[PDB]
């Protein structure tokens, strides 16, 4: 399992996401309880621009490990990429429950309100991002 998984990671790192996906699937055939493999499978789809598939596999990682801030954040990002801004918000809010110091997460929460023409909410959250990291 671990060996297929790391082959996957190595392809993922080369930017070969179809090949990463193949190998993560192998790994998960052998051990369907590794959160990290589902999560990485999700990211591989994300990097292919397959946001709906990415969302499906982030959900499985999160079912296995609900305290992953980054998984919730990346779930948000997938919904954001498909234009589902209200769902992006929900999942950014869950990332910020776990890590209220993610500037990324506040910033993207801001964006997700901006995209709906909610400027005051967007300002609030951009200001939180910038307080955390004023170099953006």
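Residue numbers count along the first chain shown, from 1.
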item	value
Entry-level comparison of average CA B-factors, 26-34 and 70-78, reporting the higher stretch	26-34
Higher-B stretch (mean Cα B-factor, as the entry records it), 61-69 or 104-112	61-69
Cα B factor band for residue 40 (lowest, middle or highest third within the chain)	middle
Ranked against its chain, the third holding the CA B-factor of residue 87	middle
Residue 52 - which third its CA temperature factor falls in, relative to the rest of the chain	lowest
